[PDB]
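One chain follows as structure tokens, the form deposited in one PDB entry.
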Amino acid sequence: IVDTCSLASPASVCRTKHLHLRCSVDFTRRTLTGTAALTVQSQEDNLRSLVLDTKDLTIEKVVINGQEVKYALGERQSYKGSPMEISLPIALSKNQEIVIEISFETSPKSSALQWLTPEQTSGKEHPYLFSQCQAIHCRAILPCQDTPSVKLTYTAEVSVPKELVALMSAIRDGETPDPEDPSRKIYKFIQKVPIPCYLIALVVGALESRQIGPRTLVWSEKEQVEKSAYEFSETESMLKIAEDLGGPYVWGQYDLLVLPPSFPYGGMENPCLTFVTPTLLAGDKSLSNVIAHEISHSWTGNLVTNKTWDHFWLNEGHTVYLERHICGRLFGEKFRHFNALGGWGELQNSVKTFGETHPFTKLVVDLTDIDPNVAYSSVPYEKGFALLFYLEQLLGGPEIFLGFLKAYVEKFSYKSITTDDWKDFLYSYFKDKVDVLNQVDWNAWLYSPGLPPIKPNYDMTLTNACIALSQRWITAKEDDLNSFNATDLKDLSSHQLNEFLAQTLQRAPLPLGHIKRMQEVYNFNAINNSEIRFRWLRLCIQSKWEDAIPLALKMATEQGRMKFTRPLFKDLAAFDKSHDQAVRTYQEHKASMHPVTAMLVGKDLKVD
């Protein structure tokens, strides 16, 4: 097992045990400067050098035993960055530990960071910075073994302009004036649980907080605090359910940070401080499954970790499985099945986009010379979930399979594992059902592209009305459109409206007159729920309604969640009437987008 996405020495050669980060955030230069002190343990005899990952980092010096040591930056290897070899002053024996202090500065173009001007924030008076290290962007902040096969503790001291606040994926450990610059404050942090370095995270900005549970504050700019406190009020109830299913919550605090609209994901499971998109702020808590998902990562992902990114499905599939159990406990088993069946539809969509033979539709994926951001899709989420849901039904039901899940978390806590470790423990836990496990087509499920070889069984109770109404619209002729009316929606929840739109979008385009009628009688243009609005606008653009062009351009640019922004830009580029404007709009906005999102939209549009 080799991590083909890292250029650093592997864990079999040496292991980082601890990071002590002292840095300063310079908004004038858009740089982070400081020192990263790595406590490294040799795993072999006579160790005289080691290699760290870096990406667009300027290295000033490397200090061991109080003296500068020799180092060399190799040539850049595309998205992987540049390897940094350090010559150790004294050969190390196996299990010997030393401290290596590296003085470094980031580049303004760091792919881990987005620097925001005051005008890009809610308050309009202060700048803002946030990080996103998953999968392999931590090396664009600091030199490290940038592989999830290594887990380390960390402490940090971050100097910032005194008007602003710093937060990290760690427990807050005090603040003080910066003695080297009275215009600044130093914020301190401690992460005492070993983590993979992709879970290191930093935000700096004009942040305020409100308590919403016994172990949860929500953080945001002042303009969003009140709405966020209401939107995420289910958090503590979800944590209690998650603890019941996964075992103890070991991280102390579970805080939430609501980022500015360019944050690229629904959430990011940064330990002690989950990051979330403001597109969750629907006003009715209806997108709270994203919080259940990030909560669940506190066990599946953050405690039990994928050893390499080839095995990412271990993180995401088990987390989606726990996510849907949390929402099933809250709202019922029929709702769990409804969301499960919706996820199968999303798997169908991903497979249909990539193509049924595409290597990125395999559950286990070989990322040799593949940028993980390019490979990312809903496949590991939903093919992984589908495998676990299938096994649940094969092995005796959800109560039995949740017993496996808790035992799995306990077995591999604080470790990094592969698909074969998972499968071996599955066969160990279910030793009395090995004959049943040997009926599984393991090669198809784990290593073949396309849809899985067997579809699970799904309760249809909550889905039937969505399918029925979608089919009424698809089979309607012009003389049937008069029969549709706002009353068609009166018994549908927001989740069901979203699924009605998903069902109909799968058959797009529809005739333009149908889409116009849908707006006339359902007024979907008025809905601000981001998931509903996204699917409605995709349906309008794919059905060639020119009126929807400005709406789709607005949504694609006024937020930056990649799930929404990328498909909206792609749909607009595919519609001949909006193509030129889509490209011009991307070019005008690209410099102020998140660096990774800008790169991907450019690839999607075939723009340079």
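The first residue of the shown sequence is 1; numbering continues from there. C-alpha atoms forming the largest set that superposes within 1.5 Å between two forms make up the rigid core.
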| item | value |
| --- | --- |
| Residue stretch of maximal mean CA temperature factor, 79 to 87 vs 257 to 265 | 79 to 87 |
| Segment of higher mean CA temperature factor, 573 to 581 or 39 to 47 | 573 to 581 |
| Residue of maximum C-alpha B factor among 366, 234, 226, 323, per deposited coordinates | 366 |
| Out of 287, 515, 351, 166, residue topping the C-alpha B-factor column of the entry | 351 |
| Third assignment of residue 282 from its chain's C-alpha B-factors | middle |
| Residue 107 CA temperature factor, ranked by third within the chain | highest |
| For residue 197, the third of its chain into which the C-alpha B factor falls | lowest |
| Modelled-residue ranking by C-alpha temperature factor, third containing residue 549 | middle |
| Third of chain Cα B-factors occupied by residue 147 | middle |
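Just so it is clear, the following notes concern the form deposited in another entry, a form of the same protein that is not shown.
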property: Of the candidates 32, 38, 51, 556, the only Cα that travels 2 Å or more between this form and the one not shown, given a rigid-core fit; result: 556
property: Threshold 2 Å Cα movement between this form and the one not shown at residue 473, rigid core reference; result: yes
property: Cα displacement of residue 527 between this form and the one not shown reaching 2 Å, rigid core superposed; result: yes
property: Exceeds or equals 2 Å, Cα of residue 508 between this form and the one not shown, core fit; result: yes
